[PDB]
Number of protein chains: 2
Amino acid sequence: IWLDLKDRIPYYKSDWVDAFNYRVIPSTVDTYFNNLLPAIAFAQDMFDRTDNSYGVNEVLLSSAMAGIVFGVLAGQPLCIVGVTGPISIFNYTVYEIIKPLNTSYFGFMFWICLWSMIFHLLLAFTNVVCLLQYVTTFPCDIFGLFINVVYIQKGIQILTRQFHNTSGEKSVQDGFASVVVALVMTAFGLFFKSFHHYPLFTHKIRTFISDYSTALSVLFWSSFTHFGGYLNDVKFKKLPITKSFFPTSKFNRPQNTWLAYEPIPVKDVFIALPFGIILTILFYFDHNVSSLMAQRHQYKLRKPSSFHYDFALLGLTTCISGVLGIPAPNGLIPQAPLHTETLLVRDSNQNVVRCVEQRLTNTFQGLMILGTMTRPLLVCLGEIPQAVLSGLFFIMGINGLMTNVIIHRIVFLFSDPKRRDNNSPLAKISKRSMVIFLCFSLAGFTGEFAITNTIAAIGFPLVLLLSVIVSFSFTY
Amino acid sequence: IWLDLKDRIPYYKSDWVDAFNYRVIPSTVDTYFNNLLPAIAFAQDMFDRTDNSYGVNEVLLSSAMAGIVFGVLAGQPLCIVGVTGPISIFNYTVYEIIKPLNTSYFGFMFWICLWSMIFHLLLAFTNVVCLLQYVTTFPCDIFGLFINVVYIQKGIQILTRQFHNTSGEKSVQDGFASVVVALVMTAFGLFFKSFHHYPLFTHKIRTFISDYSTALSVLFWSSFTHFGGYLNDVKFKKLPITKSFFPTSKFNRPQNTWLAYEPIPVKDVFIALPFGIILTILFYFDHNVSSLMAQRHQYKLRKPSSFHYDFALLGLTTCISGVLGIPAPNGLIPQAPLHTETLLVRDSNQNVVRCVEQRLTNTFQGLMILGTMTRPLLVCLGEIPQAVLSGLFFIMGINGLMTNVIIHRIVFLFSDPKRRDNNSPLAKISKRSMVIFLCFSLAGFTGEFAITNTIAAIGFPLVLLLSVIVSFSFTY
């Protein structure tokens with residue numbers, strides 16, 4: 001483990017070298033907000049969700065420091081942690097189960113984190129890490145599909161929610177307008193993205209333009225709201241959130257600790273004990289899975305970088321997330337990846353060529369005042385209308401349906417054998433066999449919506465794991 | 001003249017059979033729709049404009065008898081003739097201008113038509129028609145562009161129009177939803193098209209489908225609109241009405257095709273004349289341009305039909321339409337290729353089967369009773385939103401950016417050489433200069449565009465004619 005550090009740590013130094021180009025800069029930029037909004041997005045629900053329970057802030061922060069700290073020891077700089085709708089789900093639980101068993105929220109928060117963690121230490125030594133291995137074609141892409149799906153459904157909800165409080169008949173007076181916006185926005189974005197995946201235009205030109213898609217967009221629409229509309233001329237949405245903080249404490253101190261334990265009733269002392277765990281594993285996983293897809297060798301990577309480390313580190317950090325009291329930062333699922341597409345040559349034509357690896361964007365991404373300070377920043381953030389982001393869910397959303405290769409693999413079915421692209425033979429050759437495969441994939445695909453119902457969807461990976469690993473069984 | 005006859009009559013004979021085929025089936029249907037909207041489109045403005053005068057029916061009939069009658073003598077019948085905002089515009093002139101000049105709109109009308117004919121007879125023999133011909137690549141595409149432009153604008157305008165009757169300035173009172181749908185549709189439509197220019201499933205698969213965009217859609221969406229939406233529960237907005245025949249001069253009165261006001265000064269009779277001239281020309285023009293473009297020796301045909309007669313004939317018809325007190329079918333445009341797209345075969349193939357051709361669609365277009373008498377059309381008329389059509393304005397619109405080769409030739413800036421190549425050299429090669437050409441061209445679009453804003457705006461094709469002709473140089 002230690003060893004591991006030793007390998008990587010020089011590279012830390014290198015991140016600096018790594019810094020010097022254009023791409024660094026967007027990379028840093030687009031994402032911040034990019035997270036944040038989604039982040040927001042769960043948040044929004046989350047907070048409400050907890051019948052309201054001092055929520056957002058936690059995140060805002062959660063993410064911000066987490067980005068920084070995560071920077072400081074450093075794990076994968078090519079991966080970045082923050083939040084999820086699913087951590088949120090845990091949280092829904094977390095308050096929820098606690099409420100009838102009203103208790104030391106504080107004890108709990110702490111608690112959960114701690115137990116997992118301890119274990120985590122140990123775990124860090126464990127070659128759970130095997131699990132990872134498993135990759136070549138089955139888990140991951142799929143994995144990403146789970147994610148996607150949830151993302152989108154939520155996105156919708158968010159809109160729809162946004163429609164709902166207000167009315168539902170003629171004038172109009174509603175979310176419909178809104179509805180439009182988010183969408184409208186969506187179309188364009190897609191375009192913005194598009195030469196890059198399926199080309200058409202001038203290399204650089206395309207590059208300059210396509211890369212800040214996210215920023216651009218948020219802005220792009222947003223400015224209609226900033227400088228009025230042929231629409232945005234009535235009640236519209238943006239952000240609720242506080243002008244301060246709350247004590248992230250239940251003690252008297254100025255400045256505080258790491259390891260600990262506090263003074264009160266017993267039962268309650270024990271039984272936080274599950275809940276973290278399940279969380280933990282999840283994280284682990286998450287982190288892992290994600291990492292894998294990114295890390296991958298289509299994504300040609302074993303180029304000077306960290307398989308484990310980031311895990312050990314992570315758990316602690318997560319643990320820590322529990323410690324001040326603040327949300328679980330989670331692996332920034334596509335997001336990191338997409339960066340990774342960023343941090344590469346494809347300019348070229350579309351061609352993967354040299355990695356681009358570094359701490360710095362990510363560190364910045366973690367760190368930066370933006371993903372930090374927000375209270376005067378509020379003006380932008382507040383200026384962010386809720387709708388834009390809803391739209392964002394969408395732009396964000398189509399993306400990465402751009403990588404369910406399975407789909408792709410599917411896709412080939414529709415189109416011509418006098419069409420072909422790349423590794424179409426993988427399938428082409430096991431043509432029939434392909435079809436079946438999809439099903440497998442599909443199995444999860446139903447399986448999870450349905451699952452969510454019997455216990456939150458969140459459980460799936462486990463199952464997924466359970467699944468995926470066995471799936472050698474096709475393969476034949 | 002005889003000669004003219006001399007082709008067509010032999011050919012005439014064939015036609016029914018020629019008509020009898022399976023692409024046909026698709027063809028026949030879309031076209032109706034294809035009419036209906038513009039028919040609408042103009043209608044709405046116009047009618048209102050004439051604070052009621054040529055109602056739905058006026059068009060409906062106009063078209064309906066026209067499709068068939070025009071169908072019967074036909075000098076092409078591949079083609080489609082119907083109404084335009086510009087006729088209307090003339091009509092508008094006539095409405096206002098007539099009002100303090102007091103002879104009944106209708107009474108006045110009687111002379112107008114006459115002139116057209118006569119002059120037209122003379123014309124039928126003429127080769128002012130000669131002029132067009134000269135055209136080899138430049139105008140026409142532009143010509144159609146003129147149409148496009150308005151078309152789109154209008155669409156929007158309608159949209160907004162819809163917003164407009166009930167109060168508001170730019171805030172806005174809309175079916176936001178209206179906006180949504182139409183658009184939404186539009187995006188889709190685009191999809192509905194897309195494999196056909198630019199593939200992604202099977203020849204055949206497309207071949208039943210992509211083509212059937214219009215109809216499919218119109219219908220397809222409209223019922224959602226009638227029942228359904230992501231939710232929907234708002235006042236939705238459909239389409240205007242009469243159970244009988246409509247009024248003609250400012251009226252309450254219907255005078256379903258009548259002419260009983262024959263007894264006032266000569267004088268009154270006299271001044272219809274301008275309106276005819278320009279009109280005729282216009283029509284002529286319409287015919288021409290469209291026809292050429294359509295006829296396209298490039299899109300493979302100098303094969304057997306006749307303009308000279310038809311033109312007369314048509315014109316006459318229009319002249320007659322006036323007894324009826326009905327608007328005039330003129331050559332419809334965007335549809336016009338598109339039929340040809342029906343009657344395309346490069347994409348359940350890749351080249352051609354020079355089409356066979358059909359009376360039927362066109363005839364049908366006249367004929368189908370709905371698209372003819374209202375009283376059963378009623379349902380249809382009642383059922384669809386203006387908005388759907390607006391969406392239609394749009395899908396229909398995007399199309400037909402598309403043989404503005406020049407546009408393509410624009411594209412060429414954006415597109416990259418190491419990708420550029422199909423027939424690109426006709427353009428490609430005098431690359432830089434190309435632009436210029438185009439610049440002009442667009443410039444004309446513009447010049448005119450700007451001009452259009454000045455009324456009688458209509459003069460533009462002539463101008464088009466000018467432009468293009470003088471451009472004899474350009475090319476060099």
# chains A, B, ... in the order shown; residues from 1 in each chain; ligands from 1
>>> residues_around(residues="residue 105 in chain A", least_positions_apart="6", cutoff="12 Å", atoms="only C-alpha atoms", output="PyMOL selection string")
chain A and resi 53-54+91+94-99+111-112+249-250+268-269+272+322+325
>>> write_last_selection(atoms="N, CA and C atoms", output="mmCIF file, in the first residue's frame")
data_model
loop_
_atom_site.group_PDB
_atom_site.id
_atom_site.type_symbol
_atom_site.label_atom_id
_atom_site.label_comp_id
_atom_site.auth_asym_id
_atom_site.auth_seq_id
_atom_site.Cartn_x
_atom_site.Cartn_y
_atom_site.Cartn_z
ATOM 1 N N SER A 53 -33.947 19.431 6.231
ATOM 2 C CA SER A 53 -33.105 19.146 7.350
ATOM 3 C C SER A 53 -31.759 19.580 6.893
ATOM 4 N N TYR A 54 -31.382 20.808 7.367
ATOM 5 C CA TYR A 54 -30.256 21.685 7.090
ATOM 6 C C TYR A 54 -29.285 21.085 6.021
ATOM 7 N N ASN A 91 -29.208 8.955 2.691
ATOM 8 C CA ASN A 91 -29.606 9.955 3.551
ATOM 9 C C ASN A 91 -31.031 9.969 3.810
ATOM 10 N N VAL A 94 -31.447 7.884 6.116
ATOM 11 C CA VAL A 94 -30.808 8.154 7.299
ATOM 12 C C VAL A 94 -31.600 8.980 8.146
ATOM 13 N N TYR A 95 -32.192 10.031 7.638
ATOM 14 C CA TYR A 95 -33.087 10.691 8.483
ATOM 15 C C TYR A 95 -34.241 9.844 8.741
ATOM 16 N N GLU A 96 -34.732 9.184 7.732
ATOM 17 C CA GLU A 96 -35.976 8.601 7.925
ATOM 18 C C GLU A 96 -36.082 7.583 8.937
ATOM 19 N N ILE A 97 -35.143 6.670 9.009
ATOM 20 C CA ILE A 97 -35.135 5.650 9.986
ATOM 21 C C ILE A 97 -34.875 6.221 11.290
ATOM 22 N N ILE A 98 -34.041 7.266 11.347
ATOM 23 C CA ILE A 98 -33.793 7.852 12.635
ATOM 24 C C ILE A 98 -35.007 8.481 13.171
ATOM 25 N N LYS A 99 -35.891 9.056 12.376
ATOM 26 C CA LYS A 99 -36.930 9.843 12.942
ATOM 27 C C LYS A 99 -37.744 9.084 13.960
ATOM 28 N N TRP A 111 -21.358 8.109 13.527
ATOM 29 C CA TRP A 111 -21.138 6.783 13.726
ATOM 30 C C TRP A 111 -20.950 6.024 12.583
ATOM 31 N N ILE A 112 -21.791 6.349 11.646
ATOM 32 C CA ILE A 112 -21.849 5.562 10.514
ATOM 33 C C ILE A 112 -20.609 5.514 9.810
ATOM 34 N N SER A 249 -20.852 21.272 14.203
ATOM 35 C CA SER A 249 -20.407 20.865 15.508
ATOM 36 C C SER A 249 -21.495 20.465 16.473
ATOM 37 N N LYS A 250 -21.095 19.679 17.502
ATOM 38 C CA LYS A 250 -21.860 19.501 18.691
ATOM 39 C C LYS A 250 -20.826 19.220 19.667
ATOM 40 N N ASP A 268 -28.676 3.338 21.040
ATOM 41 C CA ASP A 268 -28.520 4.326 20.106
ATOM 42 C C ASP A 268 -27.106 4.386 19.876
ATOM 43 N N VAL A 269 -26.262 4.198 20.904
ATOM 44 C CA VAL A 269 -24.903 4.104 20.510
ATOM 45 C C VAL A 269 -24.614 2.974 19.611
ATOM 46 N N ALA A 272 -26.123 2.505 14.729
ATOM 47 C CA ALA A 272 -25.831 3.240 13.506
ATOM 48 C C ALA A 272 -25.122 2.392 12.539
ATOM 49 N N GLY A 322 -18.438 12.106 6.955
ATOM 50 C CA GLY A 322 -19.264 11.963 8.105
ATOM 51 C C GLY A 322 -18.840 12.800 9.270
ATOM 52 N N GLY A 325 -19.669 16.483 9.790
ATOM 53 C CA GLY A 325 -20.995 16.449 9.382
ATOM 54 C C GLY A 325 -20.839 17.145 8.070
#
>>> calpha_fit_rmsd(fixed="chain B", moving="chain A")
2.8 Å
>>> closest_residue(among="B:194, B:148, B:136, B:62", to="residue 365 in chain B", atoms="only C-alpha atoms")
B:62
>>> interface_residues(of="chain B", to="chain A", cutoff="6 Å", atoms="only C-alpha atoms", output="list in words")
residues 170, 171, 172, 173, 174, 175, 176, 177, 180, 200, 201, 233, 234, 235, 414, 415 and 416 of chain B
>>> residues_around(residues="residue 391 in chain B", least_positions_apart="2", cutoff="6 Å", atoms="only C-alpha atoms", output="number ranges by chain")
B: 182-183, 185-186, 388-389, 393-394
>>> write_last_selection(atoms="N, CA and C atoms", output="PDB file, in the first residue's frame")
ATOM      1  N   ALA B 182     -44.900  22.007 -30.991  1.00  0.00           N
ATOM      2  CA  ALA B 182     -44.665  22.232 -32.354  1.00  0.00           C
ATOM      3  C   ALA B 182     -43.277  21.967 -32.591  1.00  0.00           C
ATOM      4  N   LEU B 183     -42.472  22.501 -31.697  1.00  0.00           N
ATOM      5  CA  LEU B 183     -41.084  22.356 -31.772  1.00  0.00           C
ATOM      6  C   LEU B 183     -40.704  20.990 -31.676  1.00  0.00           C
ATOM      7  N   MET B 185     -42.114  18.373 -31.985  1.00  0.00           N
ATOM      8  CA  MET B 185     -42.442  17.699 -33.117  1.00  0.00           C
ATOM      9  C   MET B 185     -41.389  17.937 -34.064  1.00  0.00           C
ATOM     10  N   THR B 186     -40.967  19.169 -34.188  1.00  0.00           N
ATOM     11  CA  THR B 186     -40.087  19.504 -35.223  1.00  0.00           C
ATOM     12  C   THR B 186     -38.832  18.798 -35.140  1.00  0.00           C
ATOM     13  N   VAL B 388     -49.715  22.399 -34.220  1.00  0.00           N
ATOM     14  CA  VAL B 388     -49.128  21.226 -34.785  1.00  0.00           C
ATOM     15  C   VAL B 388     -48.606  21.628 -36.065  1.00  0.00           C
ATOM     16  N   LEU B 389     -49.394  22.407 -36.777  1.00  0.00           N
ATOM     17  CA  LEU B 389     -49.000  22.821 -38.057  1.00  0.00           C
ATOM     18  C   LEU B 389     -47.845  23.687 -38.026  1.00  0.00           C
ATOM     19  N   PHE B 393     -44.572  23.753 -39.749  1.00  0.00           N
ATOM     20  CA  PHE B 393     -44.007  24.788 -40.514  1.00  0.00           C
ATOM     21  C   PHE B 393     -42.609  24.506 -40.483  1.00  0.00           C
ATOM     22  N   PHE B 394     -42.193  24.296 -39.293  1.00  0.00           N
ATOM     23  CA  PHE B 394     -40.878  23.986 -39.116  1.00  0.00           C
ATOM     24  C   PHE B 394     -40.314  22.771 -39.704  1.00  0.00           C
TER      25      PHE B 394
END
>>> atom_distance(atom1="CA of residue 404 in chain B", atom2="CA of residue 142 in chain B")
6.8 Å
>>> closest_residue(among="A:402, A:379, A:336, A:427", to="residue 196 in chain A", atoms="only C-alpha atoms")
A:402
>>> atom_distance(atom1="CA of residue 315 in chain B", atom2="CA of residue 93 in chain B")
19.9 Å
>>> residues_around(residues="range 7-10 of chain A", least_positions_apart="5", cutoff="12 Å", atoms="only C-alpha atoms", output="list in words")
residues 1, 2, 15, 16, 17, 72, 73, 74, 75, 76, 77, 303, 304, 305, 306, 307, 308, 309, 310, 358 and 359 of chain A
>>> residues_around(residues="residue 397 in chain B", least_positions_apart="4", cutoff="12 Å", atoms="only C-alpha atoms", output="JSON list (two decimals) with N, CA and C atoms, in the first residue's frame")
[["chain", "number", "residue", "atom", "x", "y", "z"],
["B", 34, "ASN", "N", -49.64, 18.36, -46.70],
["B", 34, "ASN", "CA", -48.72, 19.26, -47.17],
["B", 34, "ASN", "C", -49.42, 20.43, -47.66],
["B", 38, "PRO", "N", -50.32, 24.99, -45.46],
["B", 38, "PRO", "CA", -50.00, 26.31, -45.92],
["B", 38, "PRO", "C", -51.14, 26.99, -46.21],
["B", 144, "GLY", "N", -36.36, 29.37, -54.31],
["B", 144, "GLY", "CA", -37.07, 28.59, -53.36],
["B", 144, "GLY", "C", -36.73, 29.11, -52.00],
["B", 145, "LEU", "N", -35.51, 29.59, -51.84],
["B", 145, "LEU", "CA", -35.11, 30.11, -50.60],
["B", 145, "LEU", "C", -35.96, 31.23, -50.23],
["B", 146, "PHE", "N", -36.39, 32.07, -51.15],
["B", 146, "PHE", "CA", -37.22, 33.18, -50.84],
["B", 146, "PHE", "C", -38.41, 32.65, -50.17],
["B", 147, "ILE", "N", -38.91, 31.59, -50.73],
["B", 147, "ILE", "CA", -40.06, 31.00, -50.17],
["B", 147, "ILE", "C", -39.82, 30.55, -48.81],
["B", 148, "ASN", "N", -38.67, 29.95, -48.60],
["B", 148, "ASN", "CA", -38.35, 29.35, -47.36],
["B", 148, "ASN", "C", -38.44, 30.33, -46.33],
["B", 149, "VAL", "N", -37.91, 31.49, -46.69],
["B", 149, "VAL", "CA", -37.62, 32.42, -45.68],
["B", 149, "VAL", "C", -38.88, 32.80, -45.05],
["B", 150, "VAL", "N", -39.81, 33.11, -45.93],
["B", 150, "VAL", "CA", -41.05, 33.56, -45.43],
["B", 150, "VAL", "C", -41.73, 32.52, -44.67],
["B", 151, "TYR", "N", -41.53, 31.33, -45.13],
["B", 151, "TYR", "CA", -42.19, 30.22, -44.60],
["B", 151, "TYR", "C", -41.88, 30.05, -43.21],
["B", 152, "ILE", "N", -40.62, 30.12, -42.92],
["B", 152, "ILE", "CA", -40.25, 29.99, -41.58],
["B", 152, "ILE", "C", -40.74, 31.07, -40.75],
["B", 153, "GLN", "N", -40.64, 32.27, -41.29],
["B", 153, "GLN", "CA", -40.90, 33.43, -40.50],
["B", 153, "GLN", "C", -42.26, 33.42, -40.08],
["B", 154, "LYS", "N", -43.03, 32.96, -41.02],
["B", 154, "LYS", "CA", -44.39, 32.91, -40.84],
["B", 154, "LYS", "C", -44.64, 32.01, -39.77],
["B", 155, "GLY", "N", -43.95, 30.87, -39.77],
["B", 155, "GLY", "CA", -44.31, 29.81, -38.88],
["B", 155, "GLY", "C", -44.22, 30.33, -37.55],
["B", 156, "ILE", "N", -43.18, 31.07, -37.35],
["B", 156, "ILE", "CA", -42.97, 31.67, -36.12],
["B", 156, "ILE", "C", -44.00, 32.63, -35.83],
["B", 183, "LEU", "N", -42.47, 22.50, -31.70],
["B", 183, "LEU", "CA", -41.08, 22.36, -31.77],
["B", 183, "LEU", "C", -40.70, 20.99, -31.68],
["B", 186, "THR", "N", -40.97, 19.17, -34.19],
["B", 186, "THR", "CA", -40.09, 19.50, -35.22],
["B", 186, "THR", "C", -38.83, 18.80, -35.14],
["B", 187, "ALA", "N", -38.34, 18.64, -33.93],
["B", 187, "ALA", "CA", -37.12, 17.95, -33.77],
["B", 187, "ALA", "C", -37.26, 16.59, -34.30],
["B", 189, "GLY", "N", -39.25, 15.35, -36.39],
["B", 189, "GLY", "CA", -39.55, 15.35, -37.79],
["B", 189, "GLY", "C", -38.31, 15.22, -38.50],
["B", 190, "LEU", "N", -37.37, 15.94, -37.93],
["B", 190, "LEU", "CA", -36.07, 16.03, -38.41],
["B", 190, "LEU", "C", -35.56, 14.64, -38.34],
["B", 193, "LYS", "N", -37.03, 12.46, -40.98],
["B", 193, "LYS", "CA", -36.23, 12.59, -42.12],
["B", 193, "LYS", "C", -34.89, 11.87, -42.17],
["B", 214, "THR", "N", -44.48, 13.52, -42.86],
["B", 214, "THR", "CA", -45.44, 14.51, -42.59],
["B", 214, "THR", "C", -46.65, 13.98, -42.08],
["B", 333, "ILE", "N", -44.31, 24.71, -53.66],
["B", 333, "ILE", "CA", -42.97, 24.53, -53.71],
["B", 333, "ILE", "C", -42.38, 23.48, -52.95],
["B", 334, "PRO", "N", -42.36, 23.42, -51.70],
["B", 334, "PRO", "CA", -41.39, 22.64, -50.97],
["B", 334, "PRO", "C", -41.70, 21.26, -51.02],
["B", 335, "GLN", "N", -42.94, 21.06, -51.26],
["B", 335, "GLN", "CA", -43.57, 19.84, -51.41],
["B", 335, "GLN", "C", -43.07, 19.39, -52.66],
["B", 338, "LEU", "N", -40.29, 17.35, -52.75],
["B", 338, "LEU", "CA", -40.43, 16.32, -51.84],
["B", 338, "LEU", "C", -41.23, 15.23, -52.43],
["B", 389, "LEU", "N", -49.39, 22.41, -36.78],
["B", 389, "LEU", "CA", -49.00, 22.82, -38.06],
["B", 389, "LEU", "C", -47.84, 23.69, -38.03],
["B", 390, "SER", "N", -47.74, 24.40, -36.96],
["B", 390, "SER", "CA", -46.66, 25.27, -36.83],
["B", 390, "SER", "C", -45.43, 24.51, -36.72],
["B", 391, "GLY", "N", -45.51, 23.38, -36.04],
["B", 391, "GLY", "CA", -44.42, 22.49, -35.87],
["B", 391, "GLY", "C", -44.07, 22.08, -37.21],
["B", 392, "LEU", "N", -45.12, 21.82, -37.99],
["B", 392, "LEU", "CA", -44.98, 21.44, -39.32],
["B", 392, "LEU", "C", -44.33, 22.47, -40.04],
["B", 393, "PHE", "N", -44.57, 23.75, -39.75],
["B", 393, "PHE", "CA", -44.01, 24.79, -40.51],
["B", 393, "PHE", "C", -42.61, 24.51, -40.48],
["B", 401, "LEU", "N", -33.34, 23.71, -46.78],
["B", 401, "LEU", "CA", -32.16, 24.49, -46.66],
["B", 401, "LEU", "C", -31.22, 23.88, -47.69],
["B", 402, "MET", "N", -31.66, 22.70, -48.10],
["B", 402, "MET", "CA", -30.87, 21.67, -48.56],
["B", 402, "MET", "C", -30.51, 21.57, -49.99]]
>>> atom_distance(atom1="CA of residue 61 in chain A", atom2="CA of residue 26 in chain A")
22.4 Å
>>> residues_around(residues="residue 301 in chain A", least_positions_apart="6", cutoff="9 Å", atoms="only C-alpha atoms", output="JSON, numbers by chain")
{"A": [294, 295, 355]}
>>> select_by_dssp(residues="range 41-132 of chain A", states="helix (DSSP H, G or I)", output="VMD selection string")
chain A and resid 41 to 49 56 to 73 85 to 101 105 to 125 128 to 132
>>> closest_residue(among="B:44, B:207, B:126, B:441", to="residue 349 in chain B", atoms="only C-alpha atoms")
B:207
>>> residues_around(residues="residue 299 in chain B", least_positions_apart="5", cutoff="10 Å", atoms="only C-alpha atoms", output="JSON list (two decimals) with C-alpha atoms, in the first residue's frame")
[["chain", "number", "residue", "atom", "x", "y", "z"],
["B", 293, "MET", "CA", -36.06, 23.47, -60.16],
["B", 294, "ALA", "CA", -38.23, 20.72, -59.90],
["B", 337, "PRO", "CA", -39.28, 18.33, -54.51],
["B", 340, "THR", "CA", -40.05, 13.87, -55.98],
["B", 344, "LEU", "CA", -37.10, 9.18, -55.41],
["B", 352, "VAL", "CA", -32.62, 6.22, -59.50],
["B", 354, "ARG", "CA", -36.54, 7.65, -63.12]]
>>> select_by_dssp(residues="range 221-359 of chain B", states="strand (DSSP E or B)", output="count of residues only")
5
>>> closest_residue(among="B:224, B:63, B:27, B:382", to="residue 342 in chain B", atoms="only C-alpha atoms")
B:27
>>> decode(residues="range 188-201 of chain A", atoms="N, CA and C atoms", output="tab-separated table (two decimals), in the first residue's frame")
chain	number	residue	atom	x	y	z
A	188	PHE	N	-29.53	22.18	-28.39
A	188	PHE	CA	-28.41	22.86	-28.92
A	188	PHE	C	-27.11	22.27	-28.54
A	189	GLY	N	-27.08	21.89	-27.27
A	189	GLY	CA	-25.91	21.39	-26.59
A	189	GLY	C	-25.38	20.24	-27.24
A	190	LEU	N	-26.34	19.45	-27.65
A	190	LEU	CA	-26.11	18.22	-28.25
A	190	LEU	C	-25.32	18.52	-29.43
A	191	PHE	N	-25.74	19.54	-30.14
A	191	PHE	CA	-25.02	19.91	-31.30
A	191	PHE	C	-23.69	20.27	-31.01
A	192	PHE	N	-23.53	20.98	-29.93
A	192	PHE	CA	-22.26	21.49	-29.61
A	192	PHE	C	-21.28	20.44	-29.41
A	193	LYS	N	-21.70	19.40	-28.80
A	193	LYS	CA	-20.96	18.24	-28.63
A	193	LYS	C	-20.55	17.57	-29.90
A	194	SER	N	-21.45	17.61	-30.85
A	194	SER	CA	-21.44	16.67	-31.91
A	194	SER	C	-20.37	16.43	-32.92
A	195	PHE	N	-19.63	17.39	-33.45
A	195	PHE	CA	-18.57	17.03	-34.37
A	195	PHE	C	-17.63	16.29	-33.70
A	196	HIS	N	-17.40	16.62	-32.45
A	196	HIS	CA	-16.43	15.82	-31.82
A	196	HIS	C	-16.78	14.38	-31.82
A	197	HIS	N	-17.97	13.94	-31.41
A	197	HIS	CA	-18.07	12.52	-31.62
A	197	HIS	C	-18.26	12.05	-33.01
A	198	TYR	N	-19.08	12.74	-33.79
A	198	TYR	CA	-19.38	12.26	-35.10
A	198	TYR	C	-19.07	13.58	-35.77
A	199	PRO	N	-17.89	13.79	-36.29
A	199	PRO	CA	-17.39	14.98	-36.93
A	199	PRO	C	-18.14	15.63	-37.95
A	200	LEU	N	-17.58	16.77	-38.33
A	200	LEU	CA	-18.07	17.50	-39.41
A	200	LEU	C	-17.17	18.67	-39.49
A	201	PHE	N	-16.80	19.37	-38.38
A	201	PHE	CA	-16.07	20.64	-38.56
A	201	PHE	C	-14.76	20.97	-37.90
